[PDB]
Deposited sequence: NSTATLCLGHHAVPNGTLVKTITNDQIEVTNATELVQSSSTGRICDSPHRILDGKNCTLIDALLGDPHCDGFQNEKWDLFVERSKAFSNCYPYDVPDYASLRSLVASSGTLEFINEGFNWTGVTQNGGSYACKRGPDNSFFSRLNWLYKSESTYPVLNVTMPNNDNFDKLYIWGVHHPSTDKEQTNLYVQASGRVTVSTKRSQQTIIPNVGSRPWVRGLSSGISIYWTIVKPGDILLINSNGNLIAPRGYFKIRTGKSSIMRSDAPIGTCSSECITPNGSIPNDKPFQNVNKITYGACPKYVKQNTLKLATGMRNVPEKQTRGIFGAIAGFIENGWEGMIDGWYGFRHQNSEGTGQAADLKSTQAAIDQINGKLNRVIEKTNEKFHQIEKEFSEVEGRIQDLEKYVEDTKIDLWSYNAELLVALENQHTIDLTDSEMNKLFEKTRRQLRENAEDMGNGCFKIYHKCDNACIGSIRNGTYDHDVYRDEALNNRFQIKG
């Protein structure tokens, strides 16, 4: 009646969330946000990157020019999408070091092809086969030139092509392995051929083998595919006395953001910076557990399927009492505030400055975390369909190492950040209590439960002056000292 109670408190919610800290595996906070992206729509968005659907064609088949890949001539991409239904339907072939050729073409991002006029005087050009029909006609890989005998002879070819440009030229060429000695001599006269392709820096010599290829699509013969990159100022030199599958010119090599991905996901009309084989994913979260294979501005792949970042204080659900006892579920207009009991009854008011200070700090850490860009393009392969040994062991170990270090960083980051969020929101509460304590000077005592006993009549305007920071302790000091320091 001669006194009043002023309690300091913080909000609480009925539906709290559990997060991890440095200290505690599970502490309940008022709010949290997920840092691991774990779902995809399942479709590859066709913006903002240039997506090229390979459909029935591998990139290598589009490169060589298998007839059902003719629509890919001179195509370009940011991301070539290779489908598991793709098939070859041209002359049987193999590519030693297939993976490297696929990778370097994928990274170049273009099949831009420039015809060159090689001087093939002495041999016949444009061989074709019923194994490689283009429409109804016997035909061949569009970018390769199948040379064979002319006028019953096949001379030693010595043919050059200088690179007088300022970019690297990619030449694709091949070696034919006939099924029989009869086919060998019918096509090339010599009983054994030889293909040598040279630059000033390199030499690739292949001796064909008769009868070495298994039966594929009607033929027990095949071509082996090789490649040569000619730098500016260098020269392509081709020397052969049989079995040469010649280039018709070069692919222009570019550098940039292009890559390739294996995926059976449909392409859709939508926009997304991050692509995975499962489909595009949002990149607002810093981490993701959808696929270690990605392209674009992507969250970092981690092993965790959920990491919860606290975005609110500890949740401590509900005469009056202050924050030492529990939080206040009825406070919805701020995070911290005041409840009082005085000659006008009880009331409650949020404290706006302490609430914003806590919110500002939390939004700051959110903006540090919700900010990362991490755009990556052509990388290494991360899934393999063949058993290979040493190099594949190293590719897998590098990726496994990377994911374990990022998963550790993610785990530690959330635990540290959450500990710090709990600490800074506790700290805002204590600061408001101490600020109030020092306004009241000798006119109040701390009751030990987050409340002050104010030793003077302290109606609603007077409480308001405390909340407002304008309380004048000298106006009330005589009344309060007289009430506090009696000995009755």
| query | Missing C-alpha stretches, by deposited numbering? | reply | 319-326, 497
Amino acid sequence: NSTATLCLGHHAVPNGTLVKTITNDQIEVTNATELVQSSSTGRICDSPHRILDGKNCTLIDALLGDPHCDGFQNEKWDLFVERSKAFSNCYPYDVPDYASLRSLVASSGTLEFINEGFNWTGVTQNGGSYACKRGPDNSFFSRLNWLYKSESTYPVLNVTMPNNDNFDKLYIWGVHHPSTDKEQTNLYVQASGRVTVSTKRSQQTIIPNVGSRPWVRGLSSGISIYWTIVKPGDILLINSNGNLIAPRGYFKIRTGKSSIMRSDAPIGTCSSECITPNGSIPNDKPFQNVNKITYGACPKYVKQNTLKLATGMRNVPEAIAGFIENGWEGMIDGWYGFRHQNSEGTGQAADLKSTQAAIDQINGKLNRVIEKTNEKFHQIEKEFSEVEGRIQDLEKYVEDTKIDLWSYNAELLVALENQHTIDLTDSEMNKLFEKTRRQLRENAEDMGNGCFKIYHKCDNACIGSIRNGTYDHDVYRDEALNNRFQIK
From here on, numbers count along this sequence of modelled residues.
| message | Using only C-alpha atoms and the B-factors in the entry, which stretch averages higher, 308-316 or 146-154? | response | 146-154
| Mean C-alpha B-factor comparison - 238-246 and 97-105, higher one | 238-246
| query | Reading the B-factor column of the entry, which of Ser139, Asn418, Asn342, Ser84 has the highest value at its C-alpha atom? | reply | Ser84
| said: Checking the record values for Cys132, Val302, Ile260, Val230, which has the greatest CA B factor? | reply: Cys132
| query | When the modelled residues of the chain are sorted by Cα temperature factor, does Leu79 land in the lowest, middle or highest third? | reply | lowest
| CA B-factor ranking of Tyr188, expressed as a third of its chain | middle
| What third of its chain's C-alpha B-factors does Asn15 belong to: lowest, middle or highest? | highest
| request: Classify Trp406 as lowest, middle or highest third according to the C-alpha B-factor given in the PDB entry, relative to its own chain. | output: lowest
| Against its chain's modelled residues, does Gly65's Cα B factor rank lowest, middle or highest third? | lowest
